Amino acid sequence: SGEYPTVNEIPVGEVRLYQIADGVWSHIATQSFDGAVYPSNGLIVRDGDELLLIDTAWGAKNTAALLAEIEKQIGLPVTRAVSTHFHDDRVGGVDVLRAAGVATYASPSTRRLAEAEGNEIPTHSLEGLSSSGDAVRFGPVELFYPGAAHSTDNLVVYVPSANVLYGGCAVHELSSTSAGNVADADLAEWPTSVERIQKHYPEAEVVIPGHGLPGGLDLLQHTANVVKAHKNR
């Protein structure tokens, strides 16, 4: 169909790529957790004749399948990866990446939280992101720390050349009726953190959630709404 792939269309262990813009793809994979199956997204951004990866494909095998799918569909090497928070849908697979020669990065807060959780730990620390509103350049993207939301460490990623906003798990898809896995969230601060994203990236044309379908800027307000519905009741 060429439509964005959904959870029941991707067997656990396979990876799909979806072209978002020139030189920008999302990656989609599925994984089992506590007896249910979930989809999750990451990002791939062309960096000259190299690629920057945002987030693993949620597990070692899935991430190996991601590298194979990239080689098949794109044919450029992944040289660096950034994980946008400490959960396994973001760092599970970092050991696969590192063994494949990919330099792996995350904020110090993410690295500490991953270590404490028993999750895989990116090698290199990203400084300059410890205060809400901070932004740094990393290859062809900007990394932004909006404040605590889905997790205290969540980062968002903007691709200026394409006006693509990758919200990660701080941003939910439009069809969502709940706020996802809130175990490590700050539901009170989340709406303020979304407001920071909205103020910083008013020209975003595509917004990609951590799980589910991309859309436009409406995903940001929708996320604030579903988080309030959860917090309220």
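Start at 1 with the first residue shown and count on from there.
- Of the two segments, 30-38 and 178-186, the one listed with the higher mean B-factor is 178-186 (C-alpha atoms only).
- Here 80-88 and 111-119 are compared by their mean Cα B-factor, and 111-119 comes out higher.
- The maximum CA B-factor among the listed residues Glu127, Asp153, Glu142, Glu71, taken from the PDB record, is found at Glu71.
- Based on the entry's C-alpha B-factors, the most elevated value among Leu217, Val24, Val15, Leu213 belongs to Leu217.
- In this PDB entry, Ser193 carries a Cα temperature factor that places it within the middle third of its chain's modelled residues.
- Residue-level temperature factors show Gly59 in the middle third of its chain, judged at the C-alpha atom.
- In the deposited entry, the Cα temperature factor of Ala65 sits in the middle third of values across the chain's modelled residues.
- When the modelled residues of the chain are ordered by their C-alpha B factor, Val157 lands in the lowest third.
- Ranked by C-alpha B-factor against the other modelled residues of its chain, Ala99 falls in the highest third.
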